[PDB]
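Read through the structure below, which is laid out as structure tokens, and then see the notes.
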Amino acid sequence: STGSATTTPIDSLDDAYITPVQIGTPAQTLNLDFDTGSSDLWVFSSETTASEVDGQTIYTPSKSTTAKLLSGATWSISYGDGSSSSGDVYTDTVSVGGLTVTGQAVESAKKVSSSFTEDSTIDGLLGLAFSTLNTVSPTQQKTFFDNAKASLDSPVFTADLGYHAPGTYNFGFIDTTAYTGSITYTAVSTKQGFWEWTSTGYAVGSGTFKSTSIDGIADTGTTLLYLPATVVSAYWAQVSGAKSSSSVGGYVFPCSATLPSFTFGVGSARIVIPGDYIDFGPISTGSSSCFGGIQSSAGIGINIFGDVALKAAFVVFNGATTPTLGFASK
Ligand SMILES: COC(=O)[C@@H](N)Cc1ccccc1
């Protein structure tokens with residue numbers, strides 16, 4: 001089997017991407033944030049505290065003939081930005097882009113934090129990291145990808161995120177028309193449950209490439225590119241007037257600037273992030289200070305190749321027995 005679904009930015013900044021997902025019978029379509037940095041499929045639901053729902057589409061298990069309570073199971077998750085959600089669990093039929101999994105754990109939110117409530121465009125998350133990170137207790141559950149794997153033509157999914165435009169998540173096949181050149185594969189460590197890999201270095205603009213190992217995660221659920229302070233300082237030093245603002249919470253730059261590109265290494269290959277991808281616009285409406293798309297990972301504890309980096313590439317998440325990650329230019 002295979003699946004193919006379009007993923008669409010939620011706003012003009014590509015703050016996140018939403019992908020329609022069919023849950024239950026008859027289908028209930030919810031727009032989920034596909035997140036390679038976590039491993040829970042959770043949704044706003046008929047059980048979500050009413051004051052915490054503001055415009056989201058909800059899953060109602062009582063209206064699905066294939067829903068079954070996963071008796072006694074609960075879940076609770078906290079993300080890197082401090083947001084969180086929790087609730088109970090149903091199994092149901094879940095389809096993405098024509099690919100169907102029966103008996104998928106669908107985690108129904110009873111509570112969500114304010115950041116989720118305030119974002120009316122995201123109806124939940126679909127985790128695509130390793131199932132060892134799944135938070136369901138007392139019986140840990142598998143991700144949609146892990147459940148789908150055995151039916152897939154090939155044990156892979158691909159992320160092809162657009163810049164200010166829709167893109168595609170494919171399951172079970174590599175679309176050789178979706179990228180240019182060849183795919184460079186690199187080793188993955190699953191020790192922390194993430195798609196964790198080591199970049200071979202970086203360049204700023206037209207500058208020389210610095211060969212240096214940068215361990216980080218490929219995370220479609222994180223908006224920005226978070227790298228060591230040394231790297232990030234070297235980037236912003238090339239932008240007149242750029243500075244790190246403790247009041248704003250990161251690097252800002254004059255909205256009049258032209259940003260340099262940023263290159264990262266994948267083995268001997270190179271992925272170039274155009275400067276425009278690094279512009280996240282005014283810090284507040286009408287401001288002449290703009291928020292940077294490359295930020296320091298100091299204090300996070302891990303480097304994160306989020307959407308800013310991933311959208312510059314066609315990315316293969318190879319879930320074979322020995323997992324790997326592939327990157328191609330596009
Ligand atoms: C910082 O992002 C993260 O840790 C993402 N992996 C999960 C996330 C997505 C959307 C909202 C909140 C969290």
Side-chain angles (χ1 to χ4, degrees), residues 7-11 13-21 30-45 48 52-57 75-87 96 107 109 111-136 143-146 157 159 161 167 169 188-190 192-197 215-227 232 248-251 280 291-311 315 317 325:
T7 192
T8 302
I10 64 167
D11 63 24
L13 299 180
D14 298 345
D15 281 314
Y17 298 78
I18 50 172
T19 309
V21 177
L30 276 64
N31 295 329
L32 307 185
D33 186 349
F34 283 24
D35 181 15
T36 64
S38 69
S39 305
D40 287 50
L41 192 176
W42 75 260
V43 297
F44 279 78
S45 75
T48 309
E52 295 179 354
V53 183
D54 191 351
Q56 296 80 10
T57 295
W75 62 280
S76 182
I77 194 164
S78 304
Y79 298 100
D81 67 335
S83 60
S84 62
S85 50
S86 63
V96 177
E107 302 174 33
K111 299 191 293 191
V112 304
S113 65
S114 57
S115 52
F116 288 116
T117 298
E118 288 164 8
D119 190 350
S120 66
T121 68
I122 291 176
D123 302 323
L125 266 64
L126 190 149
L128 293 168
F130 292 89
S131 292
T132 53
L133 294 180
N134 176 267
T135 77
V136 177
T143 70
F144 174 82
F145 177 53
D146 272 350
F157 68 91
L161 303 177
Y169 282 102
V188 163
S189 174
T190 63
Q192 296 191 273
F194 298 118
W195 293 93
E196 187 174 0
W197 65 290
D215 180 291
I217 66 167
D219 185 1
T220 58
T222 289
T223 313
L224 307 185
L225 174 54
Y226 295 88
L227 292 172
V232 176
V248 177
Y251 280 90
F280 280 74
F291 197 69
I294 296 177
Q295 297 293 344
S296 179
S297 65
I300 298 179
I302 197 158
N303 300 305
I304 307 173
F305 293 87
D307 297 335
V308 162
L310 302 182
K311 75 180 73 176
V315 187
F317 295 79
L325 276 167

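Counting convention: from 1, in listed order, for ligands and their atoms alike. By convention here, the first residue in the shown sequence is residue 1.
Ring pair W197/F305 is tilted by interplanar angle, where 30° to 60° counts as tilted. Ring geometry, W195 versus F317: the interplanar angle exceeds 60°, so the pair is classed perpendicular (tilted spans 30 to 60°).
Considering only residues two or more places apart in sequence or on other chains, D54 meets the side-chain hydrogen bond (donor to acceptor under 3.5 Å, both in side chains) condition with none of them. With sequence neighbours excluded, no residue forms a side-chain hydrogen bond (donor to acceptor under 3.5 Å, both in side chains) with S78.
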Could you list each nitrogen or oxygen of ligand 1 that sits under 3.5 Å from a protein nitrogen or oxygen, with the atom names and the distance?
from: ligand 1; atom 1: 2 (O); to: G221; atom 2: O; distance (Å): 3.3
from: ligand 1; atom 1: 2 (O); to: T222; atom 2: OG1; distance (Å): 3.1
from: ligand 1; atom 1: 6 (N); to: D35; atom 2: OD1; distance (Å): 2.8
from: ligand 1; atom 1: 6 (N); to: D35; atom 2: OD2; distance (Å): 3.2
from: ligand 1; atom 1: 6 (N); to: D219; atom 2: OD1; distance (Å): 3.1
from: ligand 1; atom 1: 6 (N); to: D219; atom 2: OD2; distance (Å): 2.9

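For the side-chain contact (heavy atoms from CB on, under 4.5 Å) with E107, the lone residue among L125, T135, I77, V43 that qualifies is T135.
Screening residues 295-311 for salt bridge (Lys or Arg N to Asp or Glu O under 4.0 Å) gives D14-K311 as the qualifying pairs, with residues at least two apart or on separate chains.
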